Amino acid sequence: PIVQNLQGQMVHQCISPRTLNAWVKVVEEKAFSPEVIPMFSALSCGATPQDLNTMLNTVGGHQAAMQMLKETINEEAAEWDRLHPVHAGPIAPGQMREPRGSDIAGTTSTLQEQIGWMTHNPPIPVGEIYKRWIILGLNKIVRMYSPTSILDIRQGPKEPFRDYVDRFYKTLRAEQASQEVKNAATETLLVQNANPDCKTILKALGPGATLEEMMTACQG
């Protein structure tokens, strides 16, 4: 990663063993459950493209997911290059060349070029751009490896309301879109797919009930 020293300079630091192991173990145990994204984002804090490639290369298995990840990265790399055509010319003494999509992904850039970009003034944050592409890719995988659709979450006749809302939002969290799309899913389904007893109770509460009020009203 790139961290600040006490001189105020952004300097490269080695990825710690603890960071590597934490990422390997969290994929081992949680696969592509939705909480893998924040874990990956937090563990890759300050990462260079090299660090991000290190983390993704240490994943054992799920190689189909990892290949989808590369295809996502390549599309985002192609989009970056078409929005940032590089301008030919000698790079000046105090400068860095402009990065191409393959440079952000680390396939055509050295770690020293990545450090130069990330510690420049102003910085060109190839690590955070790459991370964006990867997390975009991981979001697709979480959505693809989600077993259940939001339309299939229906409260059982003896199922406690808390357990049902747990399943509802767990399912909703794995199909990532805008929250505009997730507010629409809730307003469309959460009360309508409650069991007949709780549904009649919540209809009387009206559309303005908070979730806390809905869960208290269907308590047992």
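Quick note: we count residues from 1 along the sequence shown, nothing fancier.
Among the other PDB entries of this protein that were compared and that flank it with modelled residues, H87 is left unmodelled in a third or more. Between the stretches 134-142 and 115-123, it is 115-123 that shows the larger average CA temperature factor.
Just going by the entry, 180-188 versus 167-175 on mean CA temperature factor gives the higher value to 180-188.
As recorded in the entry, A88 carries the highest CA temperature factor of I150, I129, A77, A88.
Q13: CA B factor in the middle third of modelled residues in this chain (values from the PDB entry).
Remark: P49 belongs to the lowest third of its chain, ranked by C-alpha B-factor as recorded. Among all modelled residues in this chain, the alpha-carbon of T72 has a temperature factor (C-alpha) in the lowest third.
In the deposited entry, the Cα temperature factor of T110 sits in the middle third of values across the chain's modelled residues.
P34: CA B factor in the lowest third of modelled residues in this chain (values from the PDB entry).
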